[PDB]
Amino acid sequence: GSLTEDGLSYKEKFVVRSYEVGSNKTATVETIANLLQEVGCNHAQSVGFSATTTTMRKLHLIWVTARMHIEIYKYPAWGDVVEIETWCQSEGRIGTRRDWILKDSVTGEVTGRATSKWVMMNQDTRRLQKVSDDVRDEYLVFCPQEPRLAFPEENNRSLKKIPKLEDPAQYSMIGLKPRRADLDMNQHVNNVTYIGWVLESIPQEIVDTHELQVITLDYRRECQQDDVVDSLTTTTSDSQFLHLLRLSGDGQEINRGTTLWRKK
Amino acid sequence: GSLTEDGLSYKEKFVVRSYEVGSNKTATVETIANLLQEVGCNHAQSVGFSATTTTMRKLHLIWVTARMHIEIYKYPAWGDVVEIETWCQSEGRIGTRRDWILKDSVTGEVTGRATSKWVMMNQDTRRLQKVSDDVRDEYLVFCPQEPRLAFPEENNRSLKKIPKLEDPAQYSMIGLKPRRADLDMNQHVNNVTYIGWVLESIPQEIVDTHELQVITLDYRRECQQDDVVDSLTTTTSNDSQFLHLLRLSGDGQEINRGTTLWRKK
Ligand SMILES: NC(=O)CCn1cnc2ccccc21
Ligand SMILES: NC(=O)CCn1cnc2ccccc21
């Protein structure tokens, strides 16, 4: 992969692997989400964040995901080459935004798009903080100055408020636990694992007859390595669903989300 | 990737990804196992397979793994390029063997090796069968004729008999269930998921202070999508060795047995 000519965005190509595909022989949404995070990590490395600055490190500050929104028009097939372009933008003191565009390498056609909201958090106390000028200035030289959005349309799905699913849930998958393969290099549960857990409570019939078109996921709290999760889903409708991930015992909310599925 | 000049083996390069590494910033054994299976699949495609012959498809026959043996000397770091060479060999009527060699692309040094035993099975009845001549002839033109082994040594670890772990287990991890990401394109649990399940019952202290050098895993029975698994481990041993058992949570039906050898960091 490489930064583009202006140095304000990053592109990378991926050949879809045999173990990365589902029953349709196309990439799963978890494979896509792993590639989005891989291209984000390579962008941070390419510009010297080897994604915290020296100022953030001295104050024990990290960027954490608050929201992830992905829209797929066509999933790449096993053996296909997909090209992903990524860039970041400041959202004032609220935090930052990372956007992505996915294209079929052979046709140049946009096959997907994603956006994510990141907030600054103290790694030890877990307390959220607003973005200061000293930090903003250090990142702004790596972002386009004019707005550049993967989801520019007015009243789009990436900025919609998500309600809390009320008991009883129509569907559920309980006792979900992370294994070592679900943890990142810092021993925290990978963000993509939560997408998988959300999808576990969708009935197999919907998965067999529909394709996932849109997923919006809010991250409220992290799941620890020794935590147990319950995945809850209710049909709200194309089929639309409301989702809730919560700790198995006390019922503490870890995530909330929505999915939209198209008939095959 | 590509077949080599003689067309009897296949090579491929991989750049290690950020989500593929563990706490030491190096590839996990599950990432290595996924790459071994990816290079095996690309080898089958490059020579016209999909990895059944037309004769096997007529009889509803498939190749299934009976044993997997992996030895890692050095795990590749995040951002490193690893080169993997793979080839197959017939083992008469018992089945076939797929071997692999892993190298650091920059130094050319062998950083790992693996071997696996495959048997022919009817897809529907799940009954094993010996390799017939008609089938053997169809894949022998894709294999080296002189023996070529990743583990040539006389008393190597890849051919050792594995005993059944006796209750009580020293360690255990109970209630393990596969999710959709653990299934392959045919909705069967991926072979690599069983390696992860075996490793789940190793204490975190061993993982934090040791590196996995060798893993030998026997595949006895398949875990269904709605099955629940119990992972059991007992220390058998500067090096720590363990005996492993995966069994169904209810009836205690054996799905896998294995051994691991770990060295101090
Ligand atoms: N959302 C993020 O990836 C936060 C870190 N970050 C903010 N602006 C950036 C520009 C380039 C690389 C990482 C950047
Ligand atoms: N061990 C296997 O991968 C079984 C299938 N198979 C047998 N001989 C082969 C030669 C090349 C590719 C796949 C082959």
Side-chain angles (χ1 to χ4, degrees), chain A residues 3-4 7-10 18 36-53 55-56 61-68 86-91 94-100 114-121 131 135-145 148 191, chain B residues 3-4 7-10 18 36-53 55-56 61-68 86-91 94-100 114-121 131 135-145 148 191:
Chain A
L3 286 164
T4 59
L8 299 175
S9 79
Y10 189 95
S18 58
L36 301 183
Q37 97 189 333
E38 174 66 2
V39 79
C41 181
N42 288 336
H43 182 197
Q45 204 270 175
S46 79
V47 296
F49 302 126
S50 167
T52 62
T53 63
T55 291
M56 288 180 68
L61 259 15
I62 55 169
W63 288 112
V64 171
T65 305
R67 163 106 132 209
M68 179 68 146
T86 195
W87 69 94
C88 287
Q89 272 212 300
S90 151
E91 297 205 324
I94 302 177
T96 188
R97 192 188 77 254
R98 171 168 298 275
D99 283 12
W100 299 254
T115 185
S116 72
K117 312 286 220 175
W118 299 74
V119 295
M120 220 145 65
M121 188 187 80
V131 190
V135 180
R136 252 203 301 140
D137 281 17
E138 285 157 15
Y139 281 106
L140 257 149
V141 309
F142 305 118
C143 302
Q145 313 282 274
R148 194 198 173 184
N191 288 327
Chain B
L3 286 165
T4 59
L8 299 176
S9 79
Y10 188 96
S18 58
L36 300 183
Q37 97 189 333
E38 174 66 1
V39 76
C41 181
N42 287 337
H43 182 197
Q45 271 199 236
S46 73
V47 296
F49 294 126
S50 292
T52 59
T53 70
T55 283
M56 287 180 69
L61 301 174
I62 54 169
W63 287 113
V64 299
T65 305
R67 171 178 285 197
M68 179 68 146
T86 196
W87 69 94
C88 287
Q89 273 213 299
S90 153
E91 296 206 325
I94 301 177
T96 55
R97 192 187 77 253
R98 171 168 298 276
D99 282 13
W100 299 254
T115 184
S116 72
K117 311 287 217 171
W118 299 73
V119 295
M120 219 145 66
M121 186 186 78
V131 182
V135 179
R136 211 164 73 239
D137 282 17
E138 285 157 15
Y139 63 69
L140 256 150
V141 309
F142 305 118
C143 301
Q145 313 282 274
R148 194 197 173 185
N191 289 327

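Below, each value reflects all heavy atoms present in this structure, side chains not excepted, and no hydrogens, waters or symmetry copies. Throughout, a chain's letter reflects where its sequence line sits, starting with A, and its residues are numbered from 1. Ligands are counted one by one from 1 in listed order, and the atoms in each one are counted from 1 as well.
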Only heavy atoms of [X], strictly under 4.0 Å: list the atoms of ligand 1 that pass.
{"X": "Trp63(A)", "value": "4 (C), 5 (C)"}
{"X": "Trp118(A)", "value": "1 (N)"}
{"X": "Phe49(A)", "value": "12 (C), 13 (C)"}
{"X": "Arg98(A)", "value": "3 (O), 12 (C), 13 (C), 14 (C)"}

Region of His43(A) engaging ligand 1 - heavy atom pairs below 4.0 Å |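 The part of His43(A) near ligand 1 is the side chain, not the backbone.
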Could you please spell out the steps behind the side-chain hydrogen bond (donor to acceptor under 3.5 Å, both in side chains) verdict for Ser18(A) and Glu38(B)?
-> CA-CA 6 Å; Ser18(A) 58; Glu38(B) 174 66 1; 2.7 Å; yes
Of the protein's non-hydrogen atoms, which lies at the shortest distance from atom 7 (C) of ligand 1, and what is that distance?
->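 The closest heavy atom on the protein side is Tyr139(A) CD2, 3.3 Å.
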How far is atom 10 (C) of ligand 1 from its nearest protein heavy atom, and which residue and atom is that?
->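 Result for atom 10 (C) of ligand 1: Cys88(A) CB, 3.7 Å.
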Do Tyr139(B) and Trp63(B) have side-chain N/O donor and acceptor atoms under 3.5 Å apart?
->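 Short answer, no.
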Say whether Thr96(B), considering both its backbone and side-chain N or O atoms, lies within less than 3.5 Å of an N or O atom on ligand 2.
->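 Yes - when backbone and side-chain N and O of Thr96(B) are compared with those of ligand 2, one distance drops under 3.5 Å.
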Take atom CD1 of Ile94(A) as the centre, draw a 6.0 Å sphere, and report whether it contains more than 12 heavy atoms from other residues, nucleotides or ligands.
->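 Not buried by this count: 12 neighbours or fewer within 6.0 Å.
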Specify whether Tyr10(B) and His43(B) have parallel, tilted or perpendicular ring planes, treating 30° as the upper limit for parallel and 60° as the lower limit for perpendicular.
->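 It falls in the parallel class, under 30°.
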pair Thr52(A)-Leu61(A): side-chain heavy atoms closer than 4.5 Å |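 Heavy-atom side-chain distance check fails, nothing below 4.5 Å.
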What are the two closest non-hydrogen atoms of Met68(B) and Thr65(B), and how far apart are they?
->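 Here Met68(B) and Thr65(B) meet closest at N-CG2, 4.4 Å.
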